[PDB]
Each structure stands twice: as C-alpha cells, then as structure tokens.
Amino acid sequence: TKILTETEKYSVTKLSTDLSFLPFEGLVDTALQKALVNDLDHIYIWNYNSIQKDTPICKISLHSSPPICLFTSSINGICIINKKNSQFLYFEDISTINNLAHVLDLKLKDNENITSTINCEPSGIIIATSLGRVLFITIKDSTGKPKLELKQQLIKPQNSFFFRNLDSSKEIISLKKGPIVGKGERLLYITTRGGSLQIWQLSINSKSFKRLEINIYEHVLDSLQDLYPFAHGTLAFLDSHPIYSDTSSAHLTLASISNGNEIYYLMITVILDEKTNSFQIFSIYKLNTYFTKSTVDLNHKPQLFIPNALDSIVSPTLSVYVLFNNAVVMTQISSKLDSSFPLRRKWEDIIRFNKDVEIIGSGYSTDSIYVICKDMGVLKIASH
C-alpha cells in the first residue's frame, strides 16, 4: 500500500486492493472491512484490506439506475433496494447465493424514488424517498425469525403538491442511527433541508414514535444574517451528524448559502434539550477552503462524517470530514461543548481531486474515512 500524502496534519493512503475487476456505480464501505460496488448488472464485494489480491464476491441482479445495497448482520446478509422500481429484496446469507430471496413491494407513487437508506441494526432498515416519506422496514420477529415487513411509515409523503416545483423544505437530507435503548429498540435522527431535526425511537415489537422535533432554520438564519445578508432566502441544510455515539443531545449540521454566484458552506453545532423540547446553537464554523458555482449542478449532495461519533470513547478534538465530489474538506473542533473558555478552531485543509476522479463510494470507521475511486482504488483518509 502507498501513502500518497503524509502531512503533519493529515494523510492519504491508497489501500492494497486494486479495482481492475470493474470495467455508473454503487457506493459502500462498512466497518465489517467490506467494500461493495454495484453496476446495473452485478454487485462486487471484497475485503478492502485484503493486501494485493482479488477475491471479489460477484453477485448478479438481472437477466432504471443501479440499486442501493446494504449489509445486514447474520442470523452475512444483503438488502437490494430498487430506487424507482419500488421493490425491496433481502438475502439472509451472501454465501447461500446460487445466482442461476425475501421480497417487499413498497407501494411508491409513480413520482417517487428512494433517495436515502440506512441500517438500524436491531430495529430495522430505514428508507427515505424523494417525496420526503420515511419508511421503517424490519428484517425479523421479536424472537427474530428472518422475515421482512414494512412495519411503519414514520414520515408521510410530502403533500401531492399543487406546483411544478416541490417543497424543498421537507426533503430528507440525513438519516443517522443513534444509540441502542433496549430489546430491538434504537434511536434514529432525521434531518430535513428546511432545518427540521427529529429524534425517532424505533422498535421491532412495539410501535416507533417521535421523541423530539425541533426546527433550527429561523434561529440559524438569524445567527448568520448580519454576517451574510444573502443567507436570507438561500439557507439550506445539506447534512447532519450526531457528535456523540451514546447521546442524542448534540448534533453537527452542514448548510449552504448563496449570493448570486458562489455557494458557501457552513456547519452549525446544535444542542437539543429533550426535556424542554428546545435547542441552542453552540457554534458556527465556515468552510473557508471551499465554495461552488451556482450554475454548476449541485446534485451530488455532500456528506458529513464524524468518525469519533462511532466510538464509545470520546476524543478531546473531533476530526470532521465533509466530502464533496471535488474534494474532502477536513477540520477539527473540540468535543467539549461547555462554552466557558471554549477552545476555538485552529485548523482546516482540503484535498482536491483531479477532475478525472469519479468517487463511487464511501464509508468511515472510528479513525478514518474511505473513498472508492473508479480507476484508482480505495483511499483511507485521516487527520491528526
């Protein structure tokens, strides 16, 4: 494996495995040390730490666009979600393949397509659609026999609109899993483009319910506007990520604002109080190493990663990673959130990609982030 860069502050390393087996593409790394990529025709799964030799599992789909696939624990499993098709497929065992499956018709409107999907391992899998609908789909019983079911619809499909434009406000820009809270029960964090943040509690056997909903838009916009008058009318949230692995109190969000030409990006740290159904903005950071052009197609929505927020042990400083299609922006903020003598940002840097770089996937462990590049390979990126 090559270290491509090893600065004082960050490093980038190309992992041993090369992507020759691949001749549009799917997008997964899990911290089961497995990478996954779909064509329209096949799925390729391999251990991205293999050390310089191919052993891809190659799985066939057929005989629209490429599906979204997700790994699921053993009783390994795989979910095959079909974006437009409205069909949901599940396999208990990769090993038990044959090529030569559990099925669920999702009841989607001709309009709507799946736009996000995550895995809340004990409770179930969560689908988000282009109409702002959020479905809770299960894999098992309580005494869990493998059988999938559309257990509950957490969020309804955005009002058949009256206009040619949608309502952007209700667009789901983040599904994140929270800690476990008992048998088959886990927290879910939903965020929308209009700055609504919901904590949901999922359950296999019970009903899932919303523990909190707030909206940060007005208060955020107010915090920016004297600095950035043009934030009015352009403020839009793009992703959200909880800062702690074990509590739901705190969240980091990613937002954009636009003057005429440029689009700038900001991150707001939010602190929820579940008791008072309130929230408070701890801080705001600007990504000064990156902006965009307004004319440019923005439809590769960026991704926010906080590796430490997968960890049981909290790090003094949080390395934060934002992944655009151009680049990965890195910055570090304290994990303290105690606003007395708060230790402010000191660092930020960017890793721009050559234009012929097509990123087909990503994931992150507790130390690093990973990015799959079509003709290049997997990269482990991390800041110090």
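When you see a residue number, it is the position in the sequence shown, counting from 1.
In this entry, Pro23 and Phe24 are separated by 10 or more residues of the deposited sequence that lack coordinates. Just going by the entry, 358-366 versus 9-17 on mean CA temperature factor gives the higher value to 9-17. If you average the C-alpha B-factors over 49-57 and over 329-337, the higher value belongs to 49-57. The residue among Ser283, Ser203, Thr129, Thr191 whose C-alpha carries the highest B-factor in the deposited model is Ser203. The residue among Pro302, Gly195, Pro307, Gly184 whose C-alpha carries the highest B-factor in the deposited model is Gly184. Ranked within its chain, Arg164 lands in the highest third, by CA B factor from the PDB record.
Among the modelled residues of its chain, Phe136 has a C-alpha B-factor that falls in the middle third according to the deposited record. Annotation for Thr289: C-alpha temperature factor in the lowest third relative to the rest of the modelled chain, per the entry. Among the modelled residues of the chain, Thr247 sits in the middle third by CA temperature factor in this PDB entry.
Ranked by Cα temperature factor within the chain, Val322 sits in the lowest third according to the deposited record.
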